[PDB]
Every structure is written in structure tokens, then in C-alpha cells.
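See below for query-v1.cif, which holds mmCIF, C-alpha atoms.
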data_final
loop_
_atom_site.label_atom_id
_atom_site.label_comp_id
_atom_site.auth_asym_id
_atom_site.auth_seq_id
_atom_site.Cartn_x
_atom_site.Cartn_y
_atom_site.Cartn_z
CA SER A 1 -22.44 -3.87 -4.98
CA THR A 2 -18.80 -3.01 -4.47
CA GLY A 3 -16.59 -1.40 -1.83
CA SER A 4 -13.19 0.30 -1.97
CA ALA A 5 -11.13 1.38 1.04
CA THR A 6 -7.63 2.73 1.46
CA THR A 7 -5.27 0.77 3.68
CA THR A 8 -2.42 2.60 5.40
CA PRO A 9 0.82 1.36 7.01
CA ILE A 10 0.83 1.80 10.81
CA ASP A 11 4.48 2.84 10.94
CA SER A 12 7.54 3.55 8.80
CA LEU A 13 8.38 -0.17 8.49
CA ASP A 14 4.99 -1.33 7.16
CA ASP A 15 4.65 -3.57 10.24
CA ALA A 16 0.92 -3.81 9.53
CA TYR A 17 -1.81 -1.96 7.63
CA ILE A 18 -5.02 -0.39 8.94
CA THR A 19 -8.25 0.18 7.06
CA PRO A 20 -11.13 2.28 8.35
CA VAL A 21 -14.36 0.35 9.04
CA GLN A 22 -17.77 1.82 9.96
CA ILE A 23 -19.59 -0.13 12.70
CA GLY A 24 -23.04 0.59 14.06
CA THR A 25 -25.61 3.37 13.82
CA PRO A 26 -24.57 6.13 13.91
CA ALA A 27 -21.29 4.93 12.48
CA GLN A 28 -18.35 4.33 14.79
CA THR A 29 -15.20 4.27 12.68
CA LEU A 30 -12.45 1.92 13.84
CA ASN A 31 -9.14 1.22 12.10
CA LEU A 32 -8.87 -2.52 11.61
CA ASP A 33 -6.12 -4.87 10.49
CA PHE A 34 -7.51 -6.78 7.51
CA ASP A 35 -6.20 -10.32 7.96
CA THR A 36 -6.53 -12.96 5.23
CA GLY A 37 -4.99 -15.42 7.72
CA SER A 38 -7.88 -15.40 10.23
CA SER A 39 -11.64 -15.28 10.26
CA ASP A 40 -12.83 -13.20 13.23
CA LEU A 41 -13.88 -9.55 13.10
CA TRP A 42 -13.03 -8.35 16.61
CA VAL A 43 -12.71 -4.90 18.11
CA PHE A 44 -11.52 -3.03 21.13
CA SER A 45 -14.70 -2.02 22.90
CA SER A 46 -16.38 -0.48 25.92
CA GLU A 47 -16.18 -3.99 27.41
CA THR A 48 -12.39 -4.31 27.10
CA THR A 49 -10.53 -4.49 30.43
CA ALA A 50 -9.59 -0.86 31.04
CA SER A 51 -5.93 -1.57 31.81
CA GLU A 52 -5.63 -3.30 28.43
CA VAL A 53 -6.74 -0.27 26.43
CA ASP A 54 -3.98 2.24 25.59
CA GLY A 55 -5.07 4.74 22.94
CA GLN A 56 -7.23 2.55 20.71
CA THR A 57 -10.59 3.68 19.46
CA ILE A 58 -13.33 1.54 20.99
CA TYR A 59 -16.67 0.26 19.76
CA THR A 60 -19.48 1.02 22.21
CA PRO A 61 -22.44 -1.19 21.30
CA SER A 62 -24.81 0.59 23.71
CA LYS A 63 -24.47 3.72 21.52
CA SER A 64 -25.46 1.82 18.38
CA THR A 65 -29.18 1.54 17.65
CA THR A 66 -28.54 -1.46 15.38
CA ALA A 67 -26.37 -3.46 17.81
CA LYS A 68 -27.85 -6.65 19.23
CA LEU A 69 -26.15 -8.96 21.71
CA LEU A 70 -25.72 -12.41 20.18
CA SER A 71 -27.00 -14.29 23.19
CA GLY A 72 -24.65 -16.85 24.66
CA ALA A 73 -21.91 -16.35 22.07
CA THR A 74 -18.26 -16.06 23.06
CA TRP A 75 -15.00 -16.04 21.14
CA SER A 76 -11.33 -16.63 21.88
CA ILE A 77 -8.45 -16.58 19.43
CA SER A 78 -4.70 -17.16 19.52
CA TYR A 79 -2.54 -15.99 16.63
CA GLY A 80 0.63 -17.47 15.19
CA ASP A 81 2.72 -14.73 16.79
CA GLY A 82 1.51 -15.71 20.26
CA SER A 83 -0.97 -12.87 20.76
CA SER A 84 -4.59 -13.45 21.76
CA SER A 85 -7.95 -11.90 22.57
CA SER A 86 -11.43 -12.99 23.67
CA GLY A 87 -14.88 -11.70 24.52
CA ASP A 88 -18.56 -11.75 23.60
CA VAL A 89 -20.43 -11.01 20.37
CA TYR A 90 -22.85 -8.48 18.92
CA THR A 91 -24.40 -8.31 15.49
CA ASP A 92 -24.38 -4.86 13.88
CA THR A 93 -24.11 -3.03 10.58
CA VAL A 94 -20.58 -2.96 9.20
CA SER A 95 -19.43 -1.00 6.15
CA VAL A 96 -16.08 -1.04 4.37
CA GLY A 97 -15.43 1.51 1.66
CA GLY A 98 -19.11 1.95 0.87
CA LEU A 99 -20.02 -1.75 1.03
CA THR A 100 -22.52 -2.52 3.80
CA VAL A 101 -23.30 -5.79 5.58
CA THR A 102 -26.18 -5.94 8.03
CA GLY A 103 -26.13 -8.53 10.82
CA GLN A 104 -22.34 -8.89 10.82
CA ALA A 105 -20.89 -10.61 13.88
CA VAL A 106 -18.78 -8.00 15.66
CA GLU A 107 -16.72 -9.70 18.33
CA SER A 108 -16.24 -7.41 21.31
CA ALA A 109 -12.99 -7.90 23.22
CA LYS A 110 -13.17 -8.33 26.97
CA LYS A 111 -9.49 -9.30 27.09
CA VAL A 112 -6.55 -8.65 24.76
CA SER A 113 -2.89 -9.64 25.09
CA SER A 114 -0.10 -7.18 25.69
CA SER A 115 0.95 -6.86 22.05
CA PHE A 116 -2.50 -5.57 21.11
CA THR A 117 -2.61 -3.16 24.05
CA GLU A 118 0.83 -1.85 23.11
CA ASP A 119 -0.21 -1.10 19.53
CA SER A 120 -2.32 2.05 19.78
CA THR A 121 -2.90 2.18 16.01
CA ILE A 122 -4.85 -1.09 15.63
CA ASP A 123 -8.45 -1.04 16.92
CA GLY A 124 -9.10 -4.69 16.01
CA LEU A 125 -8.93 -7.26 13.23
CA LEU A 126 -11.17 -8.01 10.25
CA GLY A 127 -10.65 -11.61 9.21
CA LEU A 128 -10.77 -12.56 5.52
CA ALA A 129 -9.78 -16.24 5.62
CA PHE A 130 -12.50 -18.91 5.36
CA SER A 131 -15.36 -18.86 7.83
CA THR A 132 -14.53 -22.40 8.96
CA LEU A 133 -11.77 -20.82 11.11
CA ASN A 134 -14.14 -18.43 12.91
CA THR A 135 -13.87 -18.95 16.68
CA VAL A 136 -17.37 -17.93 17.84
CA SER A 137 -19.01 -20.55 20.03
CA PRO A 138 -21.46 -22.24 20.14
CA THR A 139 -22.58 -20.94 16.73
CA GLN A 140 -19.75 -20.21 14.31
CA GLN A 141 -20.09 -16.89 12.46
CA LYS A 142 -19.36 -15.75 8.92
CA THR A 143 -16.66 -13.30 7.83
CA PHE A 144 -17.53 -9.91 6.38
CA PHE A 145 -16.59 -11.18 2.92
CA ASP A 146 -18.70 -14.32 3.28
CA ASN A 147 -21.71 -12.21 4.30
CA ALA A 148 -21.17 -9.70 1.46
CA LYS A 149 -20.38 -12.22 -1.27
CA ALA A 150 -23.81 -12.84 -2.75
CA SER A 151 -24.39 -9.09 -3.08
CA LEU A 152 -21.06 -8.32 -4.73
CA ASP A 153 -20.83 -7.72 -8.47
CA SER A 154 -18.19 -10.49 -8.52
CA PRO A 155 -17.37 -12.73 -5.51
CA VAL A 156 -13.85 -11.39 -5.05
CA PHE A 157 -11.76 -9.03 -3.02
CA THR A 158 -8.34 -7.63 -3.88
CA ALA A 159 -5.34 -6.58 -1.83
CA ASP A 160 -3.06 -3.87 -3.18
CA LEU A 161 -0.66 -3.11 -0.34
CA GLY A 162 1.82 -0.27 -0.66
CA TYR A 163 5.51 -0.16 0.12
CA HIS A 164 5.93 2.67 2.61
CA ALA A 165 2.70 4.09 1.17
CA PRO A 166 -1.08 3.63 1.27
CA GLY A 167 -2.80 0.98 -0.81
CA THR A 168 -6.29 -0.38 -1.40
CA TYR A 169 -8.68 -3.19 -0.52
CA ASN A 170 -11.45 -3.59 -3.08
CA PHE A 171 -14.53 -5.76 -2.75
CA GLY A 172 -16.57 -7.05 -5.65
CA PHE A 173 -14.49 -5.89 -8.62
CA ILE A 174 -11.01 -6.03 -10.14
CA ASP A 175 -9.51 -2.59 -10.88
CA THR A 176 -7.78 -3.21 -14.19
CA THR A 177 -5.83 0.06 -13.83
CA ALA A 178 -4.15 -1.14 -10.63
CA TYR A 179 -1.71 -3.66 -12.12
CA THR A 180 0.56 -4.21 -15.10
CA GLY A 181 0.43 -7.14 -17.50
CA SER A 182 -1.92 -10.02 -16.72
CA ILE A 183 -3.22 -11.62 -13.54
CA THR A 184 -2.03 -15.22 -13.17
CA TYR A 185 -4.42 -17.41 -11.25
CA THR A 186 -3.39 -20.40 -9.19
CA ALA A 187 -5.23 -23.15 -7.27
CA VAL A 188 -6.25 -22.79 -3.62
CA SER A 189 -6.77 -25.43 -0.95
CA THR A 190 -9.27 -24.44 1.71
CA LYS A 191 -8.58 -27.57 3.79
CA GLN A 192 -6.84 -25.63 6.58
CA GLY A 193 -9.18 -22.65 6.25
CA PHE A 194 -6.52 -20.46 4.65
CA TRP A 195 -5.87 -19.02 1.20
CA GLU A 196 -3.33 -21.80 0.69
CA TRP A 197 -1.55 -22.15 -2.63
CA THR A 198 1.67 -23.50 -4.14
CA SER A 199 4.36 -21.24 -5.52
CA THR A 200 6.34 -22.69 -8.40
CA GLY A 201 9.77 -21.56 -7.15
CA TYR A 202 12.12 -18.67 -6.47
CA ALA A 203 15.16 -16.66 -7.48
CA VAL A 204 17.59 -14.57 -5.46
CA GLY A 205 18.61 -11.30 -7.05
CA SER A 206 19.67 -11.80 -10.65
CA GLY A 207 20.21 -15.52 -10.05
CA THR A 208 18.62 -18.38 -11.94
CA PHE A 209 15.08 -19.41 -11.07
CA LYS A 210 14.80 -22.59 -9.03
CA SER A 211 11.71 -24.59 -9.92
CA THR A 212 10.34 -26.07 -6.73
CA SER A 213 6.91 -26.31 -5.13
CA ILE A 214 6.41 -24.13 -2.06
CA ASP A 215 3.04 -24.55 -0.35
CA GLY A 216 2.05 -21.53 1.71
CA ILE A 217 -0.66 -19.07 2.65
CA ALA A 218 -1.44 -15.59 1.38
CA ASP A 219 -1.65 -13.74 4.68
CA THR A 220 -2.12 -9.98 4.82
CA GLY A 221 -2.02 -10.14 8.63
CA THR A 222 1.57 -11.37 8.76
CA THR A 223 4.31 -8.78 8.23
CA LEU A 224 7.13 -10.89 6.83
CA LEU A 225 7.79 -13.63 4.28
CA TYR A 226 8.32 -17.01 5.95
CA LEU A 227 9.78 -19.73 3.72
CA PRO A 228 11.66 -23.03 4.10
CA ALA A 229 15.09 -22.85 5.71
CA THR A 230 16.84 -23.91 2.49
CA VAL A 231 15.30 -21.00 0.54
CA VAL A 232 15.98 -18.45 3.27
CA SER A 233 19.60 -19.58 3.67
CA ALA A 234 20.11 -19.19 -0.07
CA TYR A 235 18.76 -15.64 0.07
CA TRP A 236 20.83 -14.43 3.05
CA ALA A 237 23.99 -16.08 1.70
CA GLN A 238 23.98 -13.28 -0.90
CA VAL A 239 24.20 -10.56 1.76
CA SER A 240 27.66 -10.01 3.24
CA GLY A 241 27.60 -10.31 7.00
CA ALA A 242 24.07 -11.68 7.27
CA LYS A 243 23.51 -14.33 9.90
CA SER A 244 20.76 -16.11 11.77
CA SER A 245 20.68 -14.84 15.34
CA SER A 246 18.96 -17.00 17.96
CA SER A 247 19.09 -14.09 20.43
CA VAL A 248 17.34 -11.72 18.05
CA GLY A 249 15.01 -14.38 16.66
CA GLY A 250 15.95 -14.59 13.01
CA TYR A 251 18.20 -13.41 10.23
CA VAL A 252 19.86 -10.05 10.72
CA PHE A 253 22.14 -8.18 8.37
CA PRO A 254 24.41 -5.14 8.38
CA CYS A 255 22.30 -2.02 7.98
CA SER A 256 24.94 -0.82 5.47
CA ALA A 257 24.02 -3.63 3.04
CA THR A 258 22.26 -3.32 -0.28
CA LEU A 259 19.76 -6.18 -0.31
CA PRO A 260 19.09 -8.30 -3.40
CA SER A 261 15.58 -8.77 -4.72
CA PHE A 262 13.64 -12.00 -4.20
CA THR A 263 11.45 -13.49 -6.93
CA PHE A 264 8.64 -16.00 -6.35
CA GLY A 265 6.75 -18.01 -8.95
CA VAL A 266 3.03 -18.00 -9.59
CA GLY A 267 2.54 -20.62 -12.26
CA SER A 268 4.76 -19.52 -15.13
CA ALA A 269 4.63 -15.90 -13.91
CA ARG A 270 7.10 -14.19 -11.59
CA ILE A 271 6.65 -11.59 -8.83
CA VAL A 272 9.75 -9.60 -7.90
CA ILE A 273 10.16 -8.29 -4.35
CA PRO A 274 12.67 -5.42 -4.44
CA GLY A 275 15.52 -5.67 -1.96
CA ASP A 276 14.38 -2.60 -0.03
CA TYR A 277 11.09 -4.36 0.83
CA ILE A 278 13.14 -6.91 2.81
CA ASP A 279 14.72 -4.29 5.14
CA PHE A 280 12.95 -4.03 8.51
CA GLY A 281 15.45 -1.67 10.04
CA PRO A 282 17.58 -1.66 13.18
CA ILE A 283 16.92 -4.50 15.63
CA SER A 284 16.89 -1.91 18.41
CA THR A 285 17.08 1.86 18.24
CA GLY A 286 20.52 2.97 17.10
CA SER A 287 21.78 -0.49 16.18
CA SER A 288 23.68 -1.12 12.95
CA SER A 289 22.24 -4.63 12.79
CA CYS A 290 19.01 -4.72 10.78
CA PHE A 291 16.19 -7.25 10.83
CA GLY A 292 15.46 -9.27 7.70
CA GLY A 293 12.09 -9.42 5.97
CA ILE A 294 12.57 -13.00 4.79
CA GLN A 295 12.69 -15.50 7.63
CA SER A 296 12.55 -19.26 8.10
CA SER A 297 9.20 -20.97 8.52
CA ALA A 298 10.85 -23.94 10.24
CA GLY A 299 8.89 -24.50 13.42
CA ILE A 300 5.87 -22.46 12.26
CA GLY A 301 4.55 -25.49 10.42
CA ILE A 302 3.48 -23.53 7.36
CA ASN A 303 5.05 -21.14 4.87
CA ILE A 304 3.58 -17.64 4.93
CA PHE A 305 3.41 -15.19 2.05
CA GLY A 306 2.98 -12.18 4.29
CA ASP A 307 3.02 -8.47 3.50
CA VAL A 308 6.64 -8.45 2.27
CA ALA A 309 5.53 -10.70 -0.59
CA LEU A 310 1.98 -9.48 -1.11
CA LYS A 311 2.88 -5.78 -1.29
CA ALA A 312 4.97 -6.56 -4.41
CA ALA A 313 1.78 -7.66 -6.19
CA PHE A 314 -1.84 -6.96 -6.95
CA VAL A 315 -3.57 -9.93 -5.33
CA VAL A 316 -7.00 -11.31 -6.16
CA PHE A 317 -8.79 -13.40 -3.56
CA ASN A 318 -11.37 -15.13 -5.71
CA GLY A 319 -14.19 -16.50 -3.57
CA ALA A 320 -16.02 -18.32 -6.34
CA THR A 321 -17.44 -21.77 -5.59
CA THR A 322 -13.94 -23.09 -6.23
CA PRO A 323 -11.68 -20.40 -4.78
CA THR A 324 -8.47 -19.32 -6.50
CA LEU A 325 -5.76 -16.68 -6.00
CA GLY A 326 -4.54 -14.27 -8.65
CA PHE A 327 -1.26 -12.36 -8.72
CA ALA A 328 -0.15 -9.53 -11.02
CA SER A 329 2.87 -7.26 -11.04
CA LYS A 330 2.14 -3.56 -10.51
#

Target format C-alpha cells, applied to this file:
Amino acid sequence: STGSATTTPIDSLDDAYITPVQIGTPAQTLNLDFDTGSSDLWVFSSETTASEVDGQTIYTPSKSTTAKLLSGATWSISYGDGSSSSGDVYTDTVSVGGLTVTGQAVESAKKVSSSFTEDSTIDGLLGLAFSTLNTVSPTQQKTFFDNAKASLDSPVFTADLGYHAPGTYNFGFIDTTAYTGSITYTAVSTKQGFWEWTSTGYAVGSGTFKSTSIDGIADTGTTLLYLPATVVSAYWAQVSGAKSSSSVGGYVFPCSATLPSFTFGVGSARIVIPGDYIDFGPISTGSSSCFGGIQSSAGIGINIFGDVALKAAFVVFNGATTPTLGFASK
């Protein structure tokens, strides 16, 4: 089997991407944030504290003839950005782009933090990291990909995120028309439960490539590119007027600037992030100070190849017995 679903930016800045997911019988379609940095499929639901729902579409398990309460199971998750959610668990039928999993753990939110409430466009998350990170207790549950894997034509999924435009998540096949040149594959460590890999270095604009190992995670659920302070300083040094602002919470730059590209290495291959991808717009409405898309990972504890990086590539998440990651230009 295979599946193919379009993923759409939630706003004009590509702050996140939503992908429609069918849950239950008859189908209830929710727009979920596909997140290769976590491993829980959770949704706003009829059980979510009413004051914490503000415009989201909810899953109502009582209206699904295939929903079953997973007795005694609870979940609770905290994300790197400080947000959180928790609740109980159903199993139900879940389909993404024509690919169907029966008995998928669907984690129903009883509580969500303010940032989720305040984002009306995201109805929940669909985790695509390794199932070892799943938070369901006392019986850990499998991700949608893990459940689908054996049935897929090939045990892979691909992320093809757009810049200011829709893109695609495919399951079970590699669309050879979706990228240019070749896909370069690179080793993955699953030891922290992430799609963790080591970039071979970077360049700023038309500058020379610096060969240096940068361990980080391919994370579709993180907006920006978080890299070591040395790398980030080197980038922003090429933008007149750019500075790190403690009050804003990162590097900012004059909105009048033309940003240089940023290149990262994948083995001997190179992925180029155009400068415009690194512009996240005014820090507040009407400001001429703009927020940077490349930020320091110092104090996160891990480097994160988030959407800013991933959207410059066609990315293969290869879930073979020994997982690997593939990157191609597009």
C-alpha cells in the first residue's frame, strides 16, 4: 500500500504545516501537524476542556463506530517549545492520503496548553519519530508509520515541504519526479528516539564550505533551523545590522535586508536554503525588525533541522531495519 497527502502552511510565514487525516467511522477529518520530532498522535476532542478549545475541529469518539476506549491508558507530553497536552486514549481507524491503519492509538486531549488553544488551525499532532518516545502509559503505543510499515510497498515516508506553498507527505514510495539529481543517504541514530543524523558542514552565502560535523535531528514539527552558536554567529555576521536580542529571544535583522543563503552538507552533497526562507517577518506588527530563521541551539541541548532546512529538500525517512535519512535538492 501507499498514501499521499498534501501538507499546507498554516500562515504566511510557514510557521507550521497541516495535513488532513481521517479518523473514525464515518470519517472525521482533522488537520494535524505531522511531527518527525515526536511520537504521539493526539487530537482536540469532545473531551478537551471547553475553555481550551478555540476554533479547532474536534474528534468525537462516541460518533465513531470503530472507536474503542483503550482501558486505563493515559498520555502526557511536553514539547521543546514549552507547550504540552494530556488525556486518555482510544483506538480507531486512521487514514492519511488513502493509506489506512486500523487499531491506531488516537490520544484524546483532556487538557492542552495555551499555545495549542491559541492556534485555531492545528487540530492535533501526528508523531513520526520512533515509537520509543510515545508517552502512552502503562502500555506504550506505536506511531501511525510504525503500524503501517509492514503493509507499505517500501518502509519509508517522505517530506516535501513547500516554501510559502503546499507540499506533500508520501508513505510507502519515493516519487522520483519530486526532486532533482540524486538522493544522498546518511546514517541515523535512533538512540534518543529521533531521526538523528550528522551534517558534514555548512556555507554562508557564496562563502567557502566549512567541513565540520553537526549532529542534529530532522524535525518537521519545529519551524526554524537551530544550530551551534558558532555557526549561527557566522551566518548573521553577513547581514548588516543583525544582532542577537535577549528581549526578543534570538537573532533579529533589519527587515530591509537581503538575506544570504545557507548551505548544509549531507555527505558529499549540499542543500541550499535560499535567503528568503530565513525571513520570519516583523517581530511585532509594524516593526522594521525581523525575526531570523536560523537561531542558536545553545541551551536546547540538540541541533534541530526544522522546517527552514527541510523545506529546501526532498527528505526520505527510511524506516528499514537500519533506518537512514535521504536528502535531495528539488

Suppose a student applies the PyMOL selection byres ((chain A and resi 35) around 8) to this structure; what residues should they get, written as a PDB file with C-alpha atoms, keeping the file's coordinate frame?
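Generated file (selection.pdb):
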ATOM      1  CA  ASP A  33      -6.120  -4.870  10.490  1.00  0.00           C
ATOM      2  CA  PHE A  34      -7.510  -6.780   7.510  1.00  0.00           C
ATOM      3  CA  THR A  36      -6.530 -12.960   5.230  1.00  0.00           C
ATOM      4  CA  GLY A  37      -4.990 -15.420   7.720  1.00  0.00           C
ATOM      5  CA  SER A  38      -7.880 -15.400  10.230  1.00  0.00           C
ATOM      6  CA  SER A  39     -11.640 -15.280  10.260  1.00  0.00           C
ATOM      7  CA  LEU A 125      -8.930  -7.260  13.230  1.00  0.00           C
ATOM      8  CA  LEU A 126     -11.170  -8.010  10.250  1.00  0.00           C
ATOM      9  CA  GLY A 127     -10.650 -11.610   9.210  1.00  0.00           C
ATOM     10  CA  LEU A 128     -10.770 -12.560   5.520  1.00  0.00           C
ATOM     11  CA  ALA A 129      -9.780 -16.240   5.620  1.00  0.00           C
ATOM     12  CA  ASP A 219      -1.650 -13.740   4.680  1.00  0.00           C
ATOM     13  CA  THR A 220      -2.120  -9.980   4.820  1.00  0.00           C
ATOM     14  CA  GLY A 221      -2.020 -10.140   8.630  1.00  0.00           C
ATOM     15  CA  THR A 222       1.570 -11.370   8.760  1.00  0.00           C
TER      16      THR A 222
END

To one decimal in Å, tell me the separation between atom CA of residue A:62 and atom CA of residue A:96.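 Separating atom CA of residue A:62 from atom CA of residue A:96 is a distance of 21.3 Å.
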
Name the closest residue to residue A:140 among the candidates A:105, A:122, A:308, A:229; distances are taken between atoms, counting only C-alpha atoms.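 Checking each of A:105, A:122, A:308, A:229 against residue A:140, counting only C-alpha atoms, the winner is A:105.
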
Residues near residue A:276, cut-off 10 Å, all atoms listed in the file, skip fewer than 4 positions along chain, as JSON, numbers by chain: {"A": [163, 258, 259, 260, 261, 280, 293, 308]}

For the selection just defined, write its residues with C-alpha atoms to a file, as a PDB file, keeping the file's coordinate frame.
ATOM      1  CA  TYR A 163       5.510  -0.160   0.120  1.00  0.00           C
ATOM      2  CA  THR A 258      22.260  -3.320  -0.280  1.00  0.00           C
ATOM      3  CA  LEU A 259      19.760  -6.180  -0.310  1.00  0.00           C
ATOM      4  CA  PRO A 260      19.090  -8.300  -3.400  1.00  0.00           C
ATOM      5  CA  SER A 261      15.580  -8.770  -4.720  1.00  0.00           C
ATOM      6  CA  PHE A 280      12.950  -4.030   8.510  1.00  0.00           C
ATOM      7  CA  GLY A 293      12.090  -9.420   5.970  1.00  0.00           C
ATOM      8  CA  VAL A 308       6.640  -8.450   2.270  1.00  0.00           C
TER       9      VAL A 308
END

Which residues, written as a ChimeraX atom specification, have at least one atom at most 12 Å from residue A:245, with all atoms listed in the file counted and residues fewer than 6 positions away on the same chain left out? /A:251-253,283,289-292,295-296

Do you know which residues are at most 9 Å from residue A:106 counting only C-alpha atoms, after dropping those on the same chain fewer than 5 positions away, and could you put them as a PyMOL selection string? chain A and resi 23+40-43+88-94

Judged by only C-alpha atoms, the minimum distance to residue A:249 among A:158, A:189, A:307, A:297 is found for A:297

Any chance you could work out the residue set of the PyMOL selection byres ((chain A and resi 311-317) around 6) here, as number ranges by chain? A: 156-162, 273, 307-310, 318, 325-330

Padding 3 Å on each side, edges along x, y and z: where is the centre of the box around the listed atoms of stretch 88-101 of chain A, and how long are its edges in Å to one decimal? Output it as lines of an AutoDock Vina configuration file.
center_x = -19.9
center_y = -4.9
center_z = 12.2
size_x = 15.0
size_y = 19.7
size_z = 28.7

Atom CA of residue A:131 and atom CA of residue A:149, how far apart in Å?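 Rounded to one decimal, the two atoms are 12.3 Å apart.
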
If we count all atoms listed in the file, what is near residue A:152 at a cut-off of 6 Å, once residues fewer than 6 positions away on the same chain are taken out, given as a PyMOL selection string? chain A and resi 1-2+172

Skipping near chain neighbours, those fewer than 6 positions away, what residues fall within 10 Å of residue A:111 using all atoms listed in the file, listed as an NGL selection string? :A and (44-45 or 47-53 or 76 or 84-87 or 117)

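Applied to this file, the PyMOL selection byres ((chain A and resi 95) around 10) selects the residues residues 3, 20, 21, 22, 23, 24, 27, 29, 92, 93, 94, 96, 97, 98, 99, 100, 101, 102, 104 and 144 of chain A.
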